[PDB]
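K.L.:
Experimental structure and its sequence below.
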Amino acid sequence: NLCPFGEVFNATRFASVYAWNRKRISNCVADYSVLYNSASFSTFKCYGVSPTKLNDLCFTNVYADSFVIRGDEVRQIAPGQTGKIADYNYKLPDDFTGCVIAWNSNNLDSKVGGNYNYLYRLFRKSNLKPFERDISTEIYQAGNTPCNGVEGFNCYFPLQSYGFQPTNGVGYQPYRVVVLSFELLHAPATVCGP
Amino acid sequence: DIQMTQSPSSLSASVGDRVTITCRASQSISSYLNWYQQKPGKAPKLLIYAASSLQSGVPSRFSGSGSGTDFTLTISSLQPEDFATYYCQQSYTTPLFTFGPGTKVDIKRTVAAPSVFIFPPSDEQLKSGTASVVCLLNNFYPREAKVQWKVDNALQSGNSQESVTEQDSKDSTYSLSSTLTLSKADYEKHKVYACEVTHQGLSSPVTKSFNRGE
Amino acid sequence: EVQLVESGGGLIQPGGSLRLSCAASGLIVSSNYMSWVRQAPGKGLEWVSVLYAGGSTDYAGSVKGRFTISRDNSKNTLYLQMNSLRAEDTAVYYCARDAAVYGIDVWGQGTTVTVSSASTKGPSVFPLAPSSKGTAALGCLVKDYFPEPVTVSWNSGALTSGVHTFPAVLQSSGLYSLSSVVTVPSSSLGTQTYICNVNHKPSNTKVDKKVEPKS
Ligand SMILES: *[C@@H]1O[C@H](CO)[C@@H](O)[C@H](O)[C@H]1NC(C)=O
């Protein structure tokens, strides 16, 4: 009856940023101490809380989002940001109350020769609403001309692969990120710490 | 950020030749950069996108390769409409692109040494208070040349400017003018105004010169 | 009718404002990465700013907070307002649709932005006289003229072979000096009359100056 973080932060399989991944946690406990005594993360900022004095802070249920993004895009995962990622892959709300945890995983997410399994939505007609998930693969239509499956002028496939390759400068390496989302509506809050 | 870099600053090639331009980027941009052609006065023209996908409306003789960090454009038979500067761009940070210095493909030709002519300042201009001396390395190949100015056998540095012409429609040869600027008081306190020029066509350097009163 | 015709920009002092216009036609600027890229005479291609489909913008540190990319999605036009202009901004500006990996395929016609606080002045025409010591050379110095450009001509067009007219130089005072020269048979040193005619339209100036050898 502990909150199953161990299967989110240590999961061998992360999803692409565009198809970011979510796990709702409820009915358990949580040791937010161990997460920031591990001290193995590169970036760990928390907005609208404070990791230490959060073990007494109970919440109805907490969400844990995970994906993978270029090292210099982790600045886009913050409340009030814009860019390729925050605008078309995962947008954080202005009034955000949670934590953003990232840790360079180039020793696993950029195999020899280039890892092309991780993608990032590149073309979109308007921006994401907070915690929105766009999975559409339909051919992006830049012009008046309906594409209907044909790549070509004014016709672009929206999802572009990262060129993950380990020799690249750190900025262009894979950084596994897992955003923690704490919410509390008027209902039995069951995600307490000790 | 990502640094781009072209190989030969400007190569020389003939019609029917098979040219090869290079381009290498700071990180391992994996197959994510296109090639562009620009002729003076016009806008860039896309040729190859995504390393090697040919652009529609582009002749068959334009190739494309490179996948990792070191790329290369290669034209099969250089046709006359292909003499222009070619740049490369990185579409890794797609919204935020960069280019290379460009590589200017001109016309190959036999070496031609430049005829040097030095001109003194006109008495008309001396009235206005400043003095202009002009040297001249008219008609030669290739572009590269080294014009030193010497006033009373003392090299001049920050006070000269240069301007080159295009390859002549008929010569295929270049021309140049190095314009030294001085004052009516400085020009008047020195006699010997010479112009030294070094070029591949000249065994040794040529000096066209003159004295204040002659 | 895929094309982008840009307009709005000629000459303005260091600080003044000038808005640029890119009139898209064929694609839609509302759903495309619309960038501006600037380019000087003796320089490469430099990116200036961006506007996404989601309306988000971004500009290079040498611009941030001085220019401001815009778009009117009712006239399918891309704009760029240029405030607190300076001399570094003098360059040709191209609007182009960045097709991401597919590359910048569509490009704006062209728009020049010469920027300086120099006052328009018809140029001086000093003569370059042939020297004593098979062939002799001579020409004209079209010194100190602003703004650009100026066209040269010898014997009203009766002389062409050999005549070179150079690309203009912008010198330290903020004015352009260029020279035009022709080589001729030395045997006509003092036989024919050579006159280099210059024209600077911005200052309405037209000059004809005979060139001969003093001694
Ligand atoms: C990830 O697993 C390691 C053991 O391999 C452990 O030290 C760490 O606490 C785990 N992190 C969790 C469960 O958050």
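P.N.:
Great, that's in hand. Numbering: from 1, shown residues only, chains lettered A, B, ... in the order given.

K.L.:
I'd like the distance between the spatially closest residue to residue A:161 that is not a sequence neighbour and residue B:71.
P.N.:
Take residue A:161 and drop its neighbours on the chain: the residue closest to it by Cβ to Cβ, 6 or more residues apart in numbering or on different chains is residue A:116, 4.4 Å away. For the C-beta atoms, the positions are set from N, CA and C on the backbone; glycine is no exception. Separation of residue A:116 from residue B:71 (Cβ to Cβ, to the nearest Å) stands at 18 Å.

K.L.:
The residue nearest to residue A:161 against residue A:164, yeah?
P.N.:
Yes. Counting by Cβ atoms under 8 Å, residue A:116 sits close enough to residue A:164 to count as a contact (7.3 Å).

K.L.:
Pick out whichever of these two has more residues nearby.
P.N.:
Regarding residue A:116 and residue A:164, a neighbour count based on other Cβ atoms under 10 Å in any protein chain shown identifies residue A:164 as having more, with 23 against 14.

K.L.:
picking that back up, do you know how far the residue nearest to residue A:161 is from residue B:176?
P.N.:
Relative to residue B:176, and taking Cβ to Cβ, residue A:116 is found at 51 Å.

K.L.:
before we move on, what SS does the residue of chain A at minimum distance from the ligand have?
P.N.:
Distances between chain A and the ligand by Cβ to the nearest ligand atom are smallest at residue A:6, namely 3.2 Å. Secondary structure of residue A:6, reduced to three states by DSSP: H, G, I helix; E, B strand; the rest coil: helix.

K.L.:
Which residues of chain B lie near chain A?
P.N.:
B:26-32, B:56, B:68, B:92, B:94-95 (Cβ under 8 Å from any Cβ of the partner chain).

K.L.:
quick one: which two of those residues are the most distant?
P.N.:
Spatial extent of the residues of chain B next to chain A (Cβ to Cβ) is set by the pair B:26 and B:56 at 30.3 Å.

K.L.:
Look at those two and report which has more neighbours.
P.N.:
Neighbour totals were compared for residue B:26 and residue B:56, and residue B:26 leads with 17 against 9 (other Cβ under 10 Å).

K.L.:
so who does the residue lying closest to that one once chain neighbours are set aside touch?
P.N.:
Nearest residue to residue B:26, sequence neighbours excluded (Cβ to Cβ, 6+ apart): residue B:3, at 3.9 Å. Each residue near residue B:3 by Cβ atoms under 8 Å, 6 or more residues apart in numbering or on different chains is listed here: B:25-26, B:98.

K.L.:
can you put those residues in a markdown table and add distance to residue A:62?
P.N.:
Shown next, in a markdown table, are the contacts of residue B:3 (distance: Cβ to Cβ, whole Å):
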| residue | distance to residue A:62 |
| --- | --- |
| B:25 | 42 |
| B:26 | 41 |
| B:98 | 42 |
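
K.L.:
ok, those residues vs residue B:60, which is closest?
P.N.:
Nearest member of these to residue B:60, counting by Cβ to Cβ, is residue B:25, at 26.7 Å.

K.L.:
what about that closest one, how many neighbours?
P.N.:
Neighbour tally, residue B:25, other Cβ under 10 Å: 23.

K.L.:
residues in contact with it?
P.N.:
Per Cβ under 8 Å, 6+ apart, neighbours of residue B:25: B:2-5, B:33, B:69, B:71, B:90, B:92.

K.L.:
Same check on residue B:114?
P.N.:
B:137-140, B:145, B:175-176, B:197, B:199, B:201-202.

K.L.:
so residue 132, which of the three states?
P.N.:
Let's take chain A. Residue A:132 - assigned by three-state DSSP - is coil.

K.L.:
Chain C was what I was after
P.N.:
Assignment for residue C:132 (three-state DSSP): coil.

K.L.:
Count the neighbours of it for me.
P.N.:
10.

K.L.:
Could you do residue A:134 as well?
P.N.:
15.

K.L.:
go on, the one 10 residues further on?
P.N.:
Using other Cβ under 10 Å, residue A:144 has 9 other residues around it.

K.L.:
what residues are up against the closest residue to chain B within chain C?
P.N.:
Nearest to chain B, among the residues of chain C, is residue C:103, at 3.6 Å (Cβ to the nearest Cβ). Applying Cβ under 8 Å, 6+ apart to residue C:103 gives the contacts B:34, B:46, B:49-50, B:55, B:89, B:91.

K.L.:
can you do 7 Å?
P.N.:
B:34, B:46, B:49, B:91 (Cβ atoms under 7 Å, 6 or more residues apart in numbering or on different chains).

K.L.:
Also residue A:103?
P.N.:
Residue A:103 neighbours (Cβ under 7 Å, 6+ apart): A:40-42, A:175-176.

K.L.:
That one bridge partners, please.
P.N.:
residue A:176 (DSSP bridges).

K.L.:
Residues of chain A that sit close to chain B?
P.N.:
A:84, A:114, A:122, A:163, A:165, A:167-169, A:172 (Cβ under 7 Å from any Cβ of the partner chain).

K.L.:
Pretty sure the residue nearest to residue A:161 sits against residue A:165.
P.N.:
No. Under the criterion of Cβ atoms under 7 Å, residue A:116 lies out of contact with residue A:165, with a separation of 9.7 Å.

K.L.:
Tell me which stretches of chain B form helices.
P.N.:
Here chain B has its helices, by DSSP state H, at B:123-127, B:184-188.

K.L.:
Residues contacting the last one, please?
P.N.:
Helix B:184-188 is contacted by residues B:121, B:126, B:129-131 when judged by Cβ under 7 Å, 6+ apart.

K.L.:
one more time with 8 Å, if that's ok
P.N.:
Under Cβ under 8 Å, 6+ apart, the answer for helix B:184-188 is B:121, B:126, B:128-131, B:133, B:193, B:212.

K.L.:
for the first one, same thing?
P.N.:
Taking Cβ under 8 Å, 6+ apart as the criterion, the residues outside helix B:123-127 that touch it are B:131-132, B:184, B:187, C:124, C:126-127, C:141, C:143, C:214.

K.L.:
How far off centre is that helix?
P.N.:
In terms of Cα atoms, centre = their mean, to the nearest Å, the centre of helix B:123-127 is set 33 Å apart from its chain centre.

K.L.:
If you count neighbours, what's buried in that helix?
P.N.:
Neighbour-count burial for helix B:123-127, counted by 16 or more other Cβ atoms under 10 Å in any protein chain shown, picks out B:125-126.

K.L.:
mind listing what the single nearest residue of chain A relative to chain C touches?
P.N.:
Using Cβ to the nearest Cβ, the single residue of chain A nearest to chain C is residue A:127, 3.7 Å away. By Cβ under 8 Å, 6+ apart, the contact list for residue A:127 reads A:87-88, A:91, C:54-56.

K.L.:
CA-only coordinates of the helix or strand containing residue C:177 in PDB, if you can.
P.N.:
Taking DSSP states H and E as the criterion, residue C:177 maps to strand C:176-185. C-alpha atoms of strand C:176-185 as PDB (Å, rounded to 0.1, in the frame of the first residue of the first chain):
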ATOM      1  CA  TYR C 176      30.000  54.700 -50.900                       C
ATOM      2  CA  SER C 177      33.100  55.100 -53.100                       C
ATOM      3  CA  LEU C 178      33.300  53.200 -56.300                       C
ATOM      4  CA  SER C 179      35.500  53.500 -59.300                       C
ATOM      5  CA  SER C 180      35.000  52.800 -63.000                       C
ATOM      6  CA  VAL C 181      37.900  52.100 -65.400                       C
ATOM      7  CA  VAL C 182      38.500  51.200 -69.000                       C
ATOM      8  CA  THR C 183      41.700  50.100 -70.800                       C
ATOM      9  CA  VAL C 184      42.400  51.600 -74.200                       C
ATOM     10  CA  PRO C 185      45.300  51.700 -76.800                       C
END
